[PDB]
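To start, the structure under review is shown below, and the notes come after it.
Protein chains in written order, with PDB author numbering: chain C, 1 to 58; chain C', 1 to 231; chain C'', 1 to 58; chain B, 8 to 259; chain A, 16 to 288; chain A', 16 to 288; chain A'', 16 to 72; chain D, 30 to 69; chain D', 30 to 69; chain D'', 30 to 69. A prime marks a further copy of an entry chain.
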């Protein structure tokens, strides 16, 4: 039994964290991905598309 | 003492997890394994074995009657049978394939049906076996049935016909459980010609229906069946 | 602090387990072992020695 | 040339000849064979009666008529009175064997109907009484008589063939080694079964290994005339009989 | 990857894969390409989900017992009053698991157990108590405790587990034989006698597991339920068999109701879709 | 690193990047260097924060259920009385998440769930209790428990999770399809029928998750709320779309109020700063 | 692995492993092959369970 | 990666196998789907 | 670094990609910002 | 694999030994199961 020390934050839930976790569905094989047009990688790709300004919001 | 951090899920019990654990019986030596016939590696190996379809599950049908599909005399263009194709339900609910599939949420891949004619060697008939893909109802007439996937079966020397039902789907997987969206369509059988028995012979003859998975059959996600209960 | 996950069985006491544990007596030096006749390694060594059967247990 | 439907089986000093047969089945894809030196746990040199036991024995034929529910035989029990094989079962502590099973049922081209022949390993039977009632030795060991599913017995096993005496639907029994006798074509079924157990060798008397069931899935019928009656004959032989532990003949 | 289907065009031939004889007992493999024209396409599938290992490798509740923290009563055995509660091991108790196992005639695996205890206090208890629960494995032939505090609980040789309520224990148990595989069914008797019990109960000698609340009596009764879960590992099975259709009645028996409900639902006609 | 801007001096030319035609549907890229003189300068930025993965990769509350520890009442189903509470899975319930997902037409990801339970005792309870909570995943077609202690809870094949109040559970769920991506919208029906339901509810067959207090009835009622959080992993999405402006009414529908409030705030004049 | 038993056929000899004298205090090892005919077979066993270490451990 | 010595303590590895349905679908002696008559 | 075998159990790695806004900003067939008239 | 320095802190390894029953079954001076008479 390796000696260990717990630190502050043990058992906290942090919504922005990223950790590995057990799968609830062992050996599951996901549906193959087919080519779908319009793939997005970054929101900034979208941000560069012109949209209308409701300027005359009087 | 190595600093560590616990994460959410610590000390949870997950029934689908896989971890190592201490043995309760240190240095135990298990009985040697001897060769035993019939080893199984995958359920899909079993799914490919034909079993009978209780197709004639009509009201007041009893015993083995459910596994006998009647064919009779001078019927022409008439329907022999038909059913909506469900995997975890309908007439296939209690088949081997069915019961295996009741343990899975999703299913894809082709199915096989086959029929064994058990009538007199001197008899003959031609049957149309047809499959109607989703997006239509019925068929109610042979003229409709013939527009789907079908085979004409020459009930001659060989007693058995096999119909491979193709994966006619725009969806990669269907649900095992009844579902309108992913329904699999219908299966039907019609008298292509008619049942012909020797002169002066009048009787019902039967055929047996079978079902098995095709080699391309797939099952995707395990779940509990609805076919058992307990008090 | 290395992220860790506890599993079922944490802090259980299992009488058949085998783990390392801290010594209560650091740097202790045990009495030297001298040759003692009759060393036993396996119970099966003993099992092979004849003993009397109380057969006439009437 | 040769046709699959015509076959000769020679075993010991007995033969079977068929002209209308389906290709025989070797259960689970494996032939019967002798216990190897890495399977055995029994230090006693085994006995291999060979020909003296490994020959075909025929069980008293039963009649197949309309309304028949089918029949069941247990192995090795069915052969307990069969000459040497029979005697060897009682003089040995344990034994091991596969079988060749032939179900014969003759008919004309004016007959129809279909038998399902299934060999079920470890077919633990349900009692006719249900509840927590066990089945008595006497009713699981009928020998040659077999179990007639058509005959009522309040102390026997469940008889309704829809479930193969175990709460499991017959439709799915085809998972087991099986063959049909469709009077339309073949008039006989042949199944070869290797020894199947969790134990290398076992008692030949306190336990059955195989349960042979023959069920009229489609009732026998003729194109004309009165209810037909066709005998069903079953012929069974030990394949590789290996015996051990000679002792005073068991008495039961 | 492998193909699910291989492109195939219209045929006019002498070879007819669509005709056979099921009388042979064969279920010769056929493909859609044998009945219809087809496009070439990939499986995109391994069958991992359907492996025997994954099927029987999910934990399932096996058994639930109840033990209490209570002042012993002079007039009752410590089993009559649930101070101690010895479960005879049998995976057939909670039938969902039973069916999954009964699908095979012979099954071999190592077991993994998880034991979870939960307390309750239906009485006027003034406080909760995280009771320590002991589980003890009692192999066949081993002493069976008579008292909640009997000498047997020393567990000198018996495997034992200690855990608290709210916590769980987990441990592995290697295949216990004695045969090369566990029997799901047994078409036989313990011996050659007319009155001998019939069926798998003859072979089921896995011993029993005794549960105890370790803590001494508090000032109120506490009820603890212990749930035992089982997961198989390194699973091998032989001779598959058809799954049971009818409701189970009793452990180790294949018995069913004298007038069972037909598993098959009916419809007005064979022609009804 | 890369430049945000490249030094550019006054121009007098025939090339005019400042004039175009939006009628083409193009949004041809232009830079400050096209309108004004500029200094050369670095981005000092990767866009990591704006990746789809980071955007949809933060956990969000999906659903909250309530279950209680209470003595069953003969007159009510164990769903009427909250001994058991089966959530139909749908990320659309708590609309902040919904919008983030609706921004794409098709979305594919693995899920990570975190389940947190908290108890309360509004009654005269004499003590707290760290109840064990069970969650069970019930795929479409799987048995739906009728009783808090039904056989279905054996979880023979259903994934299940056990954790205590005050603790949390976490697990991953792989992309469940059945298609190659989840649909956020569905402009269609389950089938060709005038009365068939319209919209994504047609495709949302992710099953349900059942919650239960495992513990037997105590001497008082305990209320447990279970909060389910979801985080997407390995996220891919296709066909971005404009975010919803109006308040949502119901799950799976794009419906809005018959007389909605205009999302756009107004001002006295177009000339008001 | 090692053998539990070695194939042995009927004997007719002068050597008699079946006769001894326990008066000597010896418990000379004998095998089934000394009393009966036997089949060759493996132990499939190490004795790990019976080690002193596991017994008192 | 293994922390215990008993085999029983190991994880449920982890080795897939090819399928062999012929044991259950084609136990029949000397046949093949050649498109040839099953019984001749 | 990975403790589980299912892909789903892995962390949300972790590979950035270059941007490709042309799918949404320049779907227009055969054009370029040459400073040339958009319609001629 | 060892986390402590005292030998006592080590796990109960782990080294099997061959059997030597002769200490208890054949302490008798100069004999052997030759099938020869035990006393002559």
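For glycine and all other residues, C-beta sits at the position ideal for the given N, C-alpha and C.
Item, Value
"Distance cutoff 9 Å, beta carbons only. Does residue 116(B) sit that close to anything in chain C'?", "yes"
"Helix, strand or coil: how does DSSP classify residue 25(C'') here?", "coil"
"Using the C-alpha atoms, what's the distance from residue 55(C) back to residue 288(A')?", "11 Å"
"Let me make sure I understand the geometry here. Which of 93(C'), 220(C'), 151(C'), 122(C') has the alpha-carbon closest to that of residue 52(C')?", "93(C')"
"Measuring only the C-alpha atoms, how far is residue 65(A) from residue 223(C')?", "12 Å"
"Name the two residues that bound the continuous beta strand (DSSP E) containing residue 88(B).", "Element bounds for residue 88(B): n/a, residue is neither H nor E."
"Mind pulling the chain D' residues with CB within less than 7 Å of residue 26(C)?", "35"
"Pull up the distance between the alpha-carbon of residue 108(B) and that of residue 121(B), whole angstroms please.", "18 Å"
"CB-CB under 7 Å to residue 134(C'), same chain, minus the five flanking residues each way: which ones, in chain order?", "183, 184, 185"
"Looking at residue 241(A') and residue 153(A'), is the spacing between their C-beta atoms short of 9 Å?", "no"
"Assuming contact is defined by CB atoms lying nearer than 9 Å, are residue 293(A) and residue 251(A) in contact in what I supplied?", "Only positions 16 to 288 of chain A appear in this structure, which leaves residue 293(A) out of reach."
"Mapping DSSP to helix, strand and coil, what is residue 36(D'')?", "helix"
"I want to verify the contact list: residues of chain A' whose CB lies under 7 Å from the CB of residue 8(C'), in sequence order.", "129, 183, 185"
"Quick one: give me the first and last residue of the alpha helix (DSSP H) that residue 70(A) is part of.", "67-71"
"Quick one: measure Cβ to Cβ for residue 219(B) and residue 132(B), integer angstroms, because I've assumed they're closer than 8 Å.", "The pair is not a contact, with the Cβ atoms about 13 Å apart (cut-off 8 Å)."
"9 Å is my cut-off, CB to CB: does residue 44(A'') come that close to chain C''?", "yes"
"Among 216(B), 203(B), 160(B), 29(B), which has the Cα closest to the Cα of residue 35(C')?", "203(B)"
"Which two residues bound the contiguous alpha helix (DSSP H) that contains residue 123(A')?", "Per DSSP, residue 123(A') belongs to no alpha helix (DSSP H); it is in the beta strand (DSSP E), 119-135."
"Please report how far the alpha carbon of residue 78(B) lies from the alpha carbon of residue 221(B), in whole angstroms.", "5 Å"
"With 16 as the cutoff for other CB atoms within 10 Å, does residue 77(A') come out buried or exposed?", "buried"
"Could you name the residues of the same chain whose beta carbon sits closer than 7 Å to that of residue 156(B), not counting the 5 residues immediately before and after it, in chain order?", "76, 77, 78, 79, 166, 168"
"Just to make sure I have the definition right: I need the residues of chain D whose C-beta is within less than 9 Å of the C-beta of residue 15(A). Which are they?", "Shown here, chain A extends from 16 to 288; a query on residue 15(A) therefore has no answer."
"Pairing CB atoms from the segment 139-158 of chain A' with CB atoms from the segment 260-272 of chain A', are three or more of them under 8 Å?", "no"
"Leaving out five residues on either side along the sequence, give the residues of the same chain with a beta carbon under 8 Å from the beta carbon of residue 146(A').", "84, 132, 134, 179, 180, 228, 229, 230, 237, 239"
"By a C-beta neighbour count over all protein chains shown, 10 Å radius and 16 as the cutoff for buried, is residue 110(A) buried or exposed?", "buried"
"Using 9 Å as the limit for Cβ to Cβ distance, is residue 143(C') near chain A?", "no"
"Given a threshold of 16 other Cβ atoms within 10 Å of its Cβ, counted over all protein chains shown, does residue 156(A) qualify as buried or as exposed?", "exposed"
"For residue 50(C''), count neighbouring Cβ atoms within 10 angstroms of its own Cβ and tell me buried if that reaches 16, exposed if not.", "exposed"
"How would you list, in chain order, the residues of chain C' whose beta-carbon sits under 7 Å from the beta-carbon of residue 166(A')?", "229, 230"
"Does DSSP put residue 146(B) in a helix, in a strand, or in coil?", "helix"
"Is there at least one Cβ from chain A nearer than 9 Å to residue 174(A')'s Cβ?", "yes"
"Exposed or buried, what is residue 59(D'') when buried is set at 16 or more other beta-carbons lying within 10 Å of its beta-carbon?", "exposed"
"Have a look at residue 70(C') and residue 95(C') and give me their C-alpha separation to the nearest angstrom.", "19 Å"
"Note down, in chain order, every chain C' residue with its Cβ under 7 Å from the Cβ of residue 66(A'').", "27"
"Take residue 211(A) and list the residues in its own chain whose beta-carbon comes closer than 7 Å to its own, dropping the five residues that flank it on each side.", "204, 205"
"Are residue 68(D) and residue 194(B) closer than 9 Å when you measure CB to CB?", "no"
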